[PDB]
Amino acid sequence: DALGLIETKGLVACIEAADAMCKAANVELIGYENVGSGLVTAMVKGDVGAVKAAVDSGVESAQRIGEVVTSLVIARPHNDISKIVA
Amino acid sequence: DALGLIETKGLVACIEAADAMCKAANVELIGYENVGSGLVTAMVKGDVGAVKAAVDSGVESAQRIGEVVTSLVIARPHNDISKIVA
Amino acid sequence: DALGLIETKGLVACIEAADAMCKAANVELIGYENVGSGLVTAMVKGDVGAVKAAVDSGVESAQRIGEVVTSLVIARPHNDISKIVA
Amino acid sequence: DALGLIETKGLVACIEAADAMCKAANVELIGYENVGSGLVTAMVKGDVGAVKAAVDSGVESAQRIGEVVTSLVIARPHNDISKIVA
Amino acid sequence: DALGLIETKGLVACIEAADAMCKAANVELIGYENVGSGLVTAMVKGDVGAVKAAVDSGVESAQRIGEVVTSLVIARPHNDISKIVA
Amino acid sequence: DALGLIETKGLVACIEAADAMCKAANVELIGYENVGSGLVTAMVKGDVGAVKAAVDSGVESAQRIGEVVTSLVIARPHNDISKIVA
């Protein structure tokens, strides 16, 4: 299924992204990951409409308190991707 | 129960955030976490009034000596969140 | 076989690079790797034409949403290299 | 017992902080910790007067050769804190 | 035997350094190592003429695509060094 | 015995520091350590005159090719220190 990602400067603004994502639509939180430099990513999985909706709300609410760096929906990640994230 | 987060540049200013949080109201300290770039987060759990009060005081005193980057209260984190933090 | 690499600032823009690479031609995703400072690299392996094509498309689409820092095709990495990456 | 912390840019200036702290008064060195971005913290434990004295001297001498970012004395850390550091 | 080192911003430009080093003369690739901040180092071992030649070529080609930060040849590293790198 | 430290931006300039230290006087290389942000430290142990001499030469030669951030000789580190480094 689809993949929603919000990447932030700082963990707290990511936790908010994550929280607001899971509340806003039927997505399961996969995890987070940071790549140094303050960059932290929250990743969720769901149907594409559900994921699209989480990321919209995730970004709205994380931006409210912090910096959203990038957000993305991949409606059907190559299988190779889906292996690597989960 | 609710979740209080204070993210700082540097560990020392975080340790102060944490200390002042636990003193200021009935919250238990979950842990800290850094995501590189000097960004360190202190996280506590309690009732929402108790958590709201810790963060107010946590931020007051960490700022006294260092840089508070983000603070947040989530009164009821999606269950998925509560799994990830603890 | 050949080696395609796209290095980005931030994980999300890398995940897109990776996704678009594997879709665009017959390459298998080896992995990713970050070296701090927000720098994350996606690496794939395939025939040189297939790899060249992934990287072209990987870069097109990662840039769409984020910053592509370096991209490279090594058509035949020294064997020592191929040992290190995989 | 009390807690003394000196956070520096760079390890060497921290090692000096630490050395000068333990020489200057009756404190035991707990450890150090870095949170990326060059930020390294030296932490000691002792009575509040002993700890206050180490940090004064720790800071004097680390600054001599490097950058002291934060210093702090917590005379009685919440028990939760004392669990986290040690 | 001697030691050749090329340090880069970013992994990809390092992988090129490495590849071009091993192709250009009779050296075996020891490994790479990053120290955060985007800084990644490729290290090879060989006779001093062979190593000198790799680094010349390693630097030429890594610079072609990325940033070479430092390069070095140590014709006979103190034994202590040779222990630490390998 | 005494402690000599040279901290550099980048590993390569550190390796040179280290090499030139061990050549220049009777010191044993303890190790290196990085604290992110490109900051890498080389640490040696010897008599104070031997250590003083290494660091002088270590710094001369590392600076030749890179950036020496801090250098230090501690002629007799508090015992607590000597425990932590080794």
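Here the chain labels run A, B, C, D, E and F in written order, and each chain numbers its own residues starting at 1.
One rule holds in what follows: a residue touches a chain if its C-beta (ideal position, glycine included) is under 8 Å from a C-beta of that chain, and two chains touch if they have at least 3 such contacts.
If you average the Cα atoms of chain D and of chain F, the two centres end up 22 Å apart. Chain centres here are Cα averages; for chain D and chain E they lie 38 Å apart. Residue positions 36-37, 39 of chain C are each in touch with at least two other chains.
Taken pairwise by the contact criterion, the protein chains form one closed cycle in which every chain touches exactly two others.
Starting at chain B and proceeding toward chain D, the closed ring of contacting chains reads B, D, F, E, C, A. Within the complex, the chain F residues that touch chain D are 3, 5-7, 33, 35-37, 39, 41, 69-72, 74, 77-78, 80-81, 84-85. On chain D, the positions that touch chain F within their shared complex are 9-13, 15-16, 18-19, 22-23, 28-29, 31-32, 34, 36-40, 65-66.
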